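Top to bottom, those sequences are chains E and F. For the first sequence, the numbering used here begins at 1 and goes up steadily by one. For the second sequence, the numbering used here begins at 140 and goes up steadily by one. Ideal Cβ placement from N, Cα and C applies to all residues, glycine included.
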Amino acid sequence: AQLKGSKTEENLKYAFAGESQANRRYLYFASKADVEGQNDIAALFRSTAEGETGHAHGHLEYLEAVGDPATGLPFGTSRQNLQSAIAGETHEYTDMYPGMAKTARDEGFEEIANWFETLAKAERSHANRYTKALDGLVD
Amino acid sequence: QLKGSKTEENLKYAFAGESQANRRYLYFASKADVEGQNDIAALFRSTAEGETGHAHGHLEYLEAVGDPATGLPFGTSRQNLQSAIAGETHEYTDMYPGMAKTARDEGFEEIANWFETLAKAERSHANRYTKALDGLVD
Ligand SMILES: [Mn+2]
Ligand SMILES: [Mn+2]
Ligand SMILES: [Mn+2]
Ligand SMILES: [Mn+2]
């Protein structure tokens, strides 16, 4: 009866990840079609992407029962949502992207290493800006 | 070279995380919207545009090794439609039906019906992309 700990919980998280990536992929594909002059194709990728947004947000709604897939924290309210966003961003900029940059440099992918470092700096900016917003929140 | 490297796996993982971050932030924006937290909502939306740029940059690197969802070549509209159809096909023949069955076996009847609704949607998407590919003049 409890979603927490079930296979269904893991399935919702996986499906949420897949839906999220589908929207991003289809918008990338729309941009390619845009440049090529395939305007009907581009419009279809965009329309389909809107479906994937609906699917992802439906998955997230069920996952309110168990926590944010990125952090395990409760979500729903702006206060909660900001806290979760800050935790997630903090992980990305302190641990994830610097680690990925190091691995890339070690493997000989200097440009991709620099890309990962650019992104570490960007997530730090996002984390700081969300923390400012959380301090300014009136609820 | 990127294929088989740790860096390939990291780009895939980071692409998945950026994708989710955008979806989560827009979900959070809609919550803020209803609460009247309009400045908050705007910030979630602006941040979400950042995460689009991040994800799309990851994908550009992955053009060298294949679509993270399917393993297939992507780039041209023809390739992109082919990869989309393959992914959608996986979703409606395997992924969502399998998830529905598990949900039903665990007693989550509403979540099972949600997964079935989605299987049906992804089948519709597949069929519509196939129709577009049949019409593609390139
Ligand atoms: Mn979908
Ligand atoms: Mn960010
Ligand atoms: Mn990002
Ligand atoms: Mn679909």
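Chain E contact residues for residue i, given Cβ-Cβ distances below 7 Å
i      : result
F:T228 : Simply none; closest approach about 13 Å.
F:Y166 : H57, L60
Residue burial classification, residue i (beta-carbon count within 10 angstroms, cutoff 16)
i      : result
E:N39  : exposed
F:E230 : buried
F:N161 : buried
F:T256 : exposed
F:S185 : exposed
E:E52  : buried
F:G156 : buried
Chain F contact residues for residue i, given Cβ-Cβ distances below 9 Å
i     : result
E:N23 : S158, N161, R162
E:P69 : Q159, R163
Backbone CA spacing between residue i and residue j [nearest angstrom]
i                      : j      : result
F:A225                 : F:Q218 : 11 Å
E:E36                  : F:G274 : 15 Å
F:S169                 : E:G76  : 10 Å
F:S158                 : F:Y152 : 10 Å
F:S263                 : E:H59  : 19 Å
F:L165                 : F:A187 : 7 Å
F:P212                 : E:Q2   : 41 Å
F:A203                 : E:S78  : 39 Å
F:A242                 : E:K132 : 41 Å
F:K145                 : E:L12  : 27 Å
E:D68                  : E:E89  : 13 Å
E:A56                  : E:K121 : 28 Å
F:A251                 : E:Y62  : 12 Å
E:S84                  : F:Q221 : 37 Å
E:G72                  : F:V276 : 47 Å
F:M234                 : E:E10  : 13 Å
E:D34                  : E:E111 : 27 Å
F:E261                 : F:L182 : 32 Å
F:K142                 : F:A265 : 28 Å
E:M100                 : E:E107 : 11 Å
F:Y268                 : E:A42  : 11 Å
E:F116                 : E:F29  : 23 Å
residue 278 of chain F : F:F154 : Nothing can be reported for residue 278 of chain F: it is not among the residues displayed for chain F, which extend from 140 to 277.
E:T94                  : F:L272 : 44 Å
Near ligand 1: residue i beta-carbon under 7 Å from a heavy atom
i      : result
F:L257 : yes
E:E19  : yes
Listed by chain order, chain E residues near residue i by CB distance under 8 Å
i      : result
F:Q176 : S78, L137, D139
F:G189 : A122, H126
F:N252 : Ordered by position in chain E, no residue passes the 8 Å Cβ test against F:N252, which lies about 12 Å from the chain.
F:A203 : Within chain E, no residue comes near F:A203; the closest Cβ sits about 10 Å away, beyond 8 Å.
Residue i: CB within 7 Å of a non-hydrogen atom of ligand 5
i     : result
E:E64 : Within the structure as shown, ligand 5 is missing, the only ligands being ligand 1, ligand 2, ligand 3 and ligand 4.
Contact list for residue i against chain F, beta-carbon separation under 7 Å
i      : result
E:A87  : Chain F residues near E:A87: none, gap ~12 Å exceeds 7 Å.
E:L119 : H193
beta-carbon residue i near ligand 3 non-hydrogen atom, thresh 7 Å
i      : result
E:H91  : no
F:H193 : yes
Contacts of residue i in chain F (Cβ-Cβ under 8 Å)
i      : result
E:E107 : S144, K145, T146
E:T103 : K145, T146, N149
E:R129 : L182, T186
Checklist entry - Mind listing, in chain order, the residues whose beta carbon lies closer than 6 Å to a non-hydrogen atom of ligand 2? => result E:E89, E:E123, E:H126, F:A160, F:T186, F:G189, F:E190
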